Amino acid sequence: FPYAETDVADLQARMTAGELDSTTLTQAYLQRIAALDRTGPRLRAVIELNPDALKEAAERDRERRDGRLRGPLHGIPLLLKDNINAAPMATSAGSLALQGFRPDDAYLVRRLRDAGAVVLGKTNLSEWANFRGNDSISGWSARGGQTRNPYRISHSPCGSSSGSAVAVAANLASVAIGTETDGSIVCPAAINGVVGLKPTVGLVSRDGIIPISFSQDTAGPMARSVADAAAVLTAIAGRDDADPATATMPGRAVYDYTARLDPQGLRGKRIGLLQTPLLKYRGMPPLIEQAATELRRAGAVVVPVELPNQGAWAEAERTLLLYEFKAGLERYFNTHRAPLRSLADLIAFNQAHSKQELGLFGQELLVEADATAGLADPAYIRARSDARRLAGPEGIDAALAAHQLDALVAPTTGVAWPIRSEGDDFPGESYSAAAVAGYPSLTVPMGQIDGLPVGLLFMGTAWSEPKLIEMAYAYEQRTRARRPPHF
């Protein structure tokens, strides 16, 4: 593949020099999607192709020939997780219930299109972003089937942002957008050997996205490099009246995150290496040891630290997600006039189509969520507050303050596991604190264990994306650990 592992800036430079145009790049990815996603290894990372992709690419080329460039992403093809609204494609969250539901563009999609990006299509995801049943299988949806890990197709691509991570790793697009509530961006990113960035809740509008939790939800870029992730973040970040969370950002400005790509970004930094059982995961010691060494040689101070209240928010998070899921999903159904208007309708639909929807696992989360008393319930209010406090101020922040640290690092998760009828064989995580706190996290490829990707996670306090990008980029540039999957 002529564009394999080529950065956004490099592709833009090529198009700007007139050695490449958007239609050629776009058709190249589409041909690759046909050869690896639908056939061959059958990655099934792409759930629907944008019928107007070629039309869009052609328009971006005409604008370029007319001297009307939109910016760094002009003519760059990307993919969107299927819970993000994007006309004229359907937005199903992987469900058969919304197969013919085609709402208008989400705010971030409008920003990407205005930036000149070309939408290739939508990527598969764990159905309903994995908030449907117990013992679920990551990367599976009734409409998109089973997405597979490109490094070993018998293994899990993890998730919920399964297709986005796989598409990026397999070079099916330049970059992709995923969403995270608790691990959905960074876990599949690490599992598939790519970069995943989950920003602070409030940096990127959640408007036009099928939700789970307004307290923890956020869209984020997935790319093969930190530089590409930074270019995408620059395009999607911004205040939106439709999403109150975006009005809480302190001193928001037209910020160019690519300006933070500093090769000396680790000099003078202080990093805390989290002491979790993940450091002892089979084959992990050598990798994390080498990573710490690279960070130190780069000029950073690395000290072992433990996260206060690790996991103490578990119960509170469960409660807040169930309450917020019902409230948010029903608001979304009404706002975009979906064919379903209540969670009860969805539960009923799955039962009526049990053969196609409930053959692998059930819908117990939907059922429990539908029974919640609403957002005025004192129990929910207390849970929402406790979770945020335990993971942020008294969690990540307490750890950062204890040793005056700039960030915390740790292996993101373990390696991919074989896909089986049974639920996922979850190895563990170190990213939940950031997800529950609503703080930024970013994973960068750190190496492999027996051919399967492992990532290094960076977590920081609210609004520290600039600093995290600097550190992650500096680390990435002296390691360049990503290795494409072999087909």
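Heads up: residue numbers just count along the shown sequence, starting at 1.
When the two stretches 190 to 198 and 371 to 379 are set side by side, the higher mean Cα temperature factor goes to 371 to 379. In this entry, 87 to 95 shows the higher mean Cα temperature factor of the pair 321 to 329 and 87 to 95.
Of the candidates 74, 155, 122, 353, the deposited coordinates give 353 the top C-alpha B factor. The residue among 159, 285, 144, 238 whose C-alpha atom has the highest B-factor in the PDB entry is 285. For residue 334, the recorded CA temperature factor ranks within the highest third of the chain's modelled residues. Placement of the Cα temperature factor of residue 398 within the chain: middle third of the modelled residues, per the deposited record. Annotation for residue 19: C-alpha temperature factor in the highest third relative to the rest of the modelled chain, per the entry.
When the modelled residues of the chain are ordered by their C-alpha B factor, residue 41 lands in the highest third. In the deposited entry, the Cα temperature factor of residue 148 sits in the bottom third of values across the chain's modelled residues.
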